[PDB]
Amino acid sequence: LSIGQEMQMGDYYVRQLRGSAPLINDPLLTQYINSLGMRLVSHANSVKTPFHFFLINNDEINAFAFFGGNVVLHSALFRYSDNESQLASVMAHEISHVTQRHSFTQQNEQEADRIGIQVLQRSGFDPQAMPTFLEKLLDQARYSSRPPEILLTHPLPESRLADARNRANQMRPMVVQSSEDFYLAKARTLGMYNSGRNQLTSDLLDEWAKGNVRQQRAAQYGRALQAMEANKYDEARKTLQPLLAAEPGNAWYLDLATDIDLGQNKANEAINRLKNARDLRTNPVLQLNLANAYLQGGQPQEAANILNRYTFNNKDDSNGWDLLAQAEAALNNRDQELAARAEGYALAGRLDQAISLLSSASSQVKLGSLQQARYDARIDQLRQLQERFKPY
């Protein structure tokens, strides 16, 4: 099959994936993972396609890829990764399966490790994280009643660990510090998307709290997040206070301060804080938070002003379309609401429903208007997309 045929099949399956409950659509987590992924991709050879990285809520460690550079990572990866370089080693491994066009054979696994460790190193991560991560997987398997799921897909015989140790040993020592974002992402993942063995335990928080400064702050953030989720909003504000004071332009802290404020009907305080943020105009996380606060504060037009632009510039972001729908609903702009929901459905592969909704929007809009022309042309595009997905 061609590269264009690979893109098409990939788009079909990305859409089916987005229609599934386990997909994590958190703005902070999505932005972190794709920023990390793009860093690795920028240092890889034989990249012939865009890459996209997806995070699914699943407490079994695994990672896989499918057509068109689409890499899926289970959230349990954050539980297993002690540092950012270890998380990156798994992502680099996956990228290498893709770039080499490859469960997998012994030879494919070896190649993905060898290519992946070079990408790791070129991207400024510690090569030793790769064998260290694998040794951890084997150590868990050695005394559990069953192996980690990822080993079913990516077999890990001893020879593979030995080869990886050797490659890392041959490269120069490169001790590296995890970004604060790694620890905050880990805290958020295990704390907000907890499930089964994915939990933000007191033991992890206490270990961090006596770690380096980045770990200390992520623990405190973790405590604030958990207070927020247990309806302890005063405690959450108080725990967050020193974090926000030390880094008033940190998007993780601004995001959480917004949710704390909204939870206590302080929409105006939250709006004002976000309007003063320096990176408001360029950081999609801050834009969505502001839109959400405007909605909660009963200013749906201000929300729509943000979200029309946001959805235009972030068309594959299902959060944008959902909030746009809510804003337009609250304005009783019902054709625009229907159209926003249609795009939500189209991203999840539910093309019939998308077309139905757009057809309603078109029918109750002025005949021969510019708006009606826009809806009818979008219906055209979705029908045609439906035809090419027919074979599947």
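From 1 onward, residues are counted along the sequence shown.
Undergrad: Should the segment between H102 and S103 be described as having none, 1 to 3, 4 to 9, or 10 or more unmodelled residues of the deposited sequence?
TA: Per the deposited record, the segment joining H102 and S103 lacks coordinates for 10 or more residues.
Undergrad: Of 87-95 and 162-170, which one has the bigger average CA B-factor?
TA: Taking the mean B-factor of the alpha carbons in each, 162-170 is higher.
Undergrad: Using only the Cα atoms and their B-factors as the entry lists them, report which of 255-263 and 137-145 averages higher.
TA: That would be 137-145.
Undergrad: Among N272, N194, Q121, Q215, which residue carries the highest C-alpha B-factor recorded in the PDB entry?
TA: Of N272, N194, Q121, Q215, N272 has the highest C-alpha B-factor.
Undergrad: Kindly indicate the residue among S42, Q326, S363, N57 with the greatest C-alpha B-factor in the PDB record.
TA: By C-alpha B-factor in the record, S363 ranks first.
Undergrad: Once the chain's modelled residues are ordered by C-alpha B factor and cut into thirds, is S359 in the lowest, middle or highest one?
TA: CA B-factor rank for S359: highest third.
Undergrad: By the recorded C-alpha temperature factor, relative to the other modelled residues in its chain, which third is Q220 in?
TA: Middle third - that is where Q220 ends up once the chain's C-alpha B-factors are sorted.
Undergrad: Comparing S178 with the other modelled residues of its chain, is its CA B-factor in the lowest, middle or highest third?
TA: Its C-alpha B-factor belongs to the lowest third of this chain's values.
Undergrad: C-alpha B factor of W321, ranked within the chain: lowest, middle or highest third?
TA: As the PDB entry reports it, the C-alpha B-factor of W321 lands in the lowest third of its chain.
Undergrad: Could you tell me which third, lowest, middle or highest, the C-alpha B-factor of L240 occupies within its chain?
TA: As the PDB entry reports it, the C-alpha B-factor of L240 lands in the middle third of its chain.
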